[PDB]
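S.K.: Protein chains in written order, with the UniProt record's numbering: chain A, 319 to 444, 448 to 454, 462 to 470, 491 to 614; chain B, 964 to 1013; chain C, 27 to 69, 82 to 113, 116 to 143, 166 to 172, 186 to 242, 263 to 318.
Below are the structure tokens for one structure; questions will follow.
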Amino acid sequence: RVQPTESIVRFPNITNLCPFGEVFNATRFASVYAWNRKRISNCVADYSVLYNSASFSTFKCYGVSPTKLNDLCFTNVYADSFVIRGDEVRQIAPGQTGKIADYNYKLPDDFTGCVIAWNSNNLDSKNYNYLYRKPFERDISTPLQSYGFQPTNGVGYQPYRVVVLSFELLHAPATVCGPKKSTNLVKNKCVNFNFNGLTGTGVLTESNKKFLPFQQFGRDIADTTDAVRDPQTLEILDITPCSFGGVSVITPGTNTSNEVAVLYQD
Amino acid sequence: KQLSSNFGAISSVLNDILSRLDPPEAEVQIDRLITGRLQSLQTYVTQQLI
Amino acid sequence: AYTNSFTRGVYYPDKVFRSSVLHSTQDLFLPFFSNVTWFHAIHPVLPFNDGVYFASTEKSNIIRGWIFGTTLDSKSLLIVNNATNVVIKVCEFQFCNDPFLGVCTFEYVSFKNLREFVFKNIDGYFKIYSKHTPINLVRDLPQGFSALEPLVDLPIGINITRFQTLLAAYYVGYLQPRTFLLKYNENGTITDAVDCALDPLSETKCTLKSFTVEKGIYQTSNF
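Structure, rendered in structure tokens:
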């Protein structure tokens, strides 16, 4: 195998720090039946800040890993903000049922994302503002029972603020990227390229392919990325694989000599 | 085309599993992929010999 | 009235380029030769169901947008194409009994013509496929094929069972979960399609993964 001569980290020219301060340090949270979904787009989002914060009571990534969260760039990120009872923390998972899981907030089975929650007993409890009763069904029609949140109650009766960081997967030009330093794009070398999480190894050549403008990367018959579009330069680059072949040693036998001839295959 | 089959993995792309997941789950998904591709290859080699 | 849908209603199922490959896919599509309903506006609230095919042969672009939703009055989507700007709001606007045009979680500011649209929502993500082509026909939908491409996707989170077209006739269809074998050309554009459940010729074409089926007997499905 021709070994990769270099590596390419390629991310688009976005420098925006991502607003998690209005999400996790919010002065008000929604109820579980009227949950606040906030669209997050076009930002350099560092999720290691959320992962290294010890103020969070739980951290459950399912489709990805929190160490790999900064290594991937997402298309669309939605933060399901709701204030729920801490006993129903375990209902925020794929394939469950409950008072919040089956009525107030249904979460999909094939869910790719992370769920972060923390106690808000010193913030929301004093209170009956937060009420409860298909995926992502926000039914707000009124039949609605309120939460009895008080700070002198038990741990299972303490108010907990839950943010469900759902991530739409990469089938498109992505916009919500992580803190990755972009590199210069070397052409006609076997490189370990990285186009917003589309890692791989091959020879990057210029191509005459005409993408549609809503398409990030082309694909092949073998479900492999045949071509990409550079997120900083609107050009269509093929990925030719590195030249590989078997090794076949021609030997006349050790009874005659130790001199061998190496035939490479095709 | 049998490269594109997931065999229950989150993707049929190996690099996506390696870049998304920690190895304690990624090894399980990769194990499913090796099982599926190895079964497909053994079926192919059997057809090849016959 | 009613019109023949012919071969139309095929969009791009994903944002992934393909070229010179007979890709077979499954999504909510308007079926081939379906019975789409003819509406005219010379001399109405329609259902949404599961996906809507739309087509409008506009001689002068009288039709400028739609209202979606369940109740469609102050309790819903709205597209307004005034002058040369497509102004879209999702507000609970106080609409009329017969809403017309004279001569708030989102806000966007931008017969001779055939403007085709595909409206559907998948878990609240309102994916819209669209394609505008010039035509020369005053009668009905012309016999032809042109793919539609996704331009707008909105995570609205709004249940929609009814819709109404505001204003140049228009035609309303409904998408169905049918398997579709698409043919991409050398240039990567959809030029030909086969529904895998229309008729046993197209079922044979979907089974053999070819747009050309030769002489013989071919097992296709299970009665």
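Backbone N, C-alpha and C fix where the C-beta goes; we use that ideal spot for every residue, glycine too.
1. Could you have a look at residue 488/A and say whether DSSP puts it in helix, strand or coil?
2. If we define contact as Cβ-Cβ less than 8 Å, is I418/A a contact residue for chain C?
3. Output needed in chain order: residues of the segment 412-436 of chain A with a Cβ under 8 Å from some Cβ in chain C.
4. Run through the DSSP bridge pairs and tell me what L118/C is partnered with.
5. Can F201/C and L223/C be called in contact, C-beta distance under 8 Å?
6. For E298/C, tell me which candidate among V120/C, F318/C, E281/C, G142/C has the shortest Cα-Cα distance.
7. Given a cut-off of 8 Å on the beta-carbon distance, is the pair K558/A and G283/C in contact?
8. In the DSSP output, which residue or residues are listed as bridge partners for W436/A?
9. On a CA-only basis, which of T376/A, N440/A, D442/A, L492/A is nearest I418/A? Give me that one, please.
10. Rounded C-beta distance between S514/A and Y369/A? I'm assuming under 8 Å.
11. Can you tell me whether DSSP reads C166/C as helix, strand or coil?
12. Can you pull the chain C residues whose beta carbon is under 8 Å from the beta carbon of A352/A, in chain order?
13. Please return the same chain residues whose Cβ sits closer than 8 Å to the Cβ of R328/A, not counting the five positions on each side in sequence.
14. Tell me which residues share the same chain as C590/A and place their Cβ nearer than 7 Å to its Cβ, disregarding the 5 neighbours each side in the sequence.
15. Is it buried or exposed for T393/A, if we count other Cβ within 10 angstroms and need 16 for buried?
16. Measuring alpha carbon to alpha carbon, tell me which residue in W64/C, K113/C, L54/C is nearest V36/C.
17. DSSP beta-bridge partners for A27/C?
18. Give the range of the alpha helix (DSSP H) segment to which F342/A is assigned.
19. Mind reading off the beta-carbon distance from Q992/B to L984/B? Whole number of angstroms is fine, and I expect it under 8 Å.
20. For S205/C versus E169/C, is the C-beta distance shorter than 8 Å?
21. Closer than 8 Å, Cβ to any Cβ of chain C: which residues of the segment 537-559 of chain A, in chain order?
22. Which same chain residues, not among the five before or five after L981/B, have their C-beta less than 7 Å away from its C-beta?
23. Over what stretch of residues does the beta strand (DSSP E) that includes residue 926/B continue unbroken?
24. Which word fits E324/A, buried or exposed, when buried means at least 16 other C-beta atoms lie within 10 angstroms of its C-beta?
25. Quick one: Cα of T1009/B to Cα of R1000/B, how far?
26. Whose CA, out of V597/A, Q414/A, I410/A, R509/A, lies closest to the CA of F347/A?
27. So, at 6 Å on beta carbons, what are the nonlocal neighbours of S349/A in its own chain, with the 5 sequence-adjacent residues on each side left out?
28. Please state if the CB of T95/C and the CB of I210/C are separated by a distance shorter than 8 Å.
29. Considering only DSSP beta bridges, list what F400/A is partnered with.
M.R.: With the given structure in hand:
1. There are no atomic positions for residue 488/A here, as chain A continues from 470 directly to 491.
2. Counting from one through the first sequence, the residue named residue 418/A turns up at place 100. Not a single C-beta of chain C is nearer than 8 Å to the C-beta of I418/A.
3. Hits within the stretch, in order: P426.
4. Position 78 of the third sequence holds residue 118/C. In DSSP, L118/C forms a bridge with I105/C, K129/C.
5. The residue labelled residue 201/C in the question sits at position 126 within the third sequence. The residue labelled residue 223/C in the question sits at position 148 within the third sequence. Judged by beta-carbon spacing, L223/C lies beyond the 8 Å limit of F201/C, meaning their Cβ atoms are not closer than that value.
6. Within the third sequence, the letter at position 203 stands for residue 298/C. Shortest Cα-Cα distance from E298/C to any of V120/C, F318/C, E281/C, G142/C involves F318/C.
7. Against the first sequence, residue 558/A aligns to sequence position 210. Against the third sequence, residue 283/C aligns to sequence position 188. With contacts defined as CB atoms closer than 8 Å, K558/A and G283/C qualify as a contacting pair.
8. The sequence position of residue 436/A within the first sequence is 118, counting from 1. According to DSSP, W436/A bridges with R509/A.
9. Along the first sequence, one-based indexing puts residue 418/A at 100. When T376/A, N440/A, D442/A, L492/A are compared, the shortest CA-CA separation from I418/A is found for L492/A.
10. Residue numbering aside, residue 514/A sits at position 166 when the first sequence is read from its first letter. Residue numbering aside, residue 369/A sits at position 51 when the first sequence is read from its first letter. The Cβ separation is near 17 Å, so there is no contact.
11. Along the third sequence, read from residue 1 onward, the residue named residue 166/C stands at position 104. In this structure, DSSP gives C166/C a state outside helix and strand, which the three-state scheme calls coil.
12. Translated into positions along the first sequence, residue 352/A becomes position 34. Going along chain C, no residue has its Cβ under 8 Å from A352/A, so there is no contact; the nearest lies around 11 Å.
13. Along the first sequence, one-based indexing puts residue 328/A at 10. So the list reads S530, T531, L533, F541, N542, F543, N544, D578, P579, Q580, once near-sequence residues are dropped.
14. On the first sequence, position 242 is the one that residue 590/A refers to. Excluding sequence neighbours, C590/A sits near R319, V320, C538, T549, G550, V551.
15. In the first sequence, residue 393/A corresponds to position 75, counting from 1. Buried, because 16 or more other Cβ atoms sit within 10 Å of the Cβ of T393/A.
16. Your numbering for residue 36/C matches position 10 in the third sequence. The shortest C-alpha separation from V36/C is found at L54/C.
17. Within the third sequence, residue 27/C is the residue found at index 1, counting from 1. Note: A27/C is not bridge-paired with any residue in the DSSP secondary-structure output.
18. For the purposes of this step, residue 342/A is taken as the residue at position 24 of the first sequence. Run containing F342/A: 339-342, per the alpha helix (DSSP H) assignment.
19. Against the second sequence, residue 992/B aligns to sequence position 29. Against the second sequence, residue 984/B aligns to sequence position 21. Indeed they touch by this definition, with Cβ atoms about 7 Å apart.
20. Position 130 of the third sequence, counting from 1, holds the residue named residue 205/C. Position 107 of the third sequence, counting from 1, holds the residue named residue 169/C. In this structure, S205/C lies away from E169/C, with their beta-carbon atoms at least 8 Å apart.
21. Listed in sequence order: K557, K558, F559.
22. To locate residue 981/B, count along the second sequence from 1; it is residue 18. Correct list, in chain order: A989.
23. The requested residue 926/B is not part of the displayed model; chain B covers only 964 to 1013.
24. Walking along the first sequence from the start, residue 324/A turns up at place 6. Classification of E324/A: exposed, given that the 10 Å Cβ count is below 16.
25. For the purposes of this step, residue 1009/B is taken as the residue at position 46 of the second sequence. For the purposes of this step, residue 1000/B is taken as the residue at position 37 of the second sequence. Computed Cα separation, rounded: 14 Å.
26. Within the first sequence, residue 347/A is the residue found at index 29, counting from 1. Among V597/A, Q414/A, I410/A, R509/A, the Cα nearest to that of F347/A belongs to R509/A.
27. Along the first sequence, read from residue 1 onward, the residue named residue 349/A stands at position 31. If the five residues before and after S349/A are omitted, its C-beta is found closer than 6 Å to the C-beta atoms of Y451, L452, all from its own chain and listed in chain order.
28. Within the third sequence, residue 210/C is the residue found at index 135, counting from 1. Within the third sequence, residue 95/C is the residue found at index 57, counting from 1. With contacts defined by Cβ atoms closer than 8 Å, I210/C and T95/C form a contacting pair.
29. As a working mapping, residue 400/A is identified with position 82 in the first sequence. In the DSSP output, where bridge partners are listed per residue, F400/A has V510/A.
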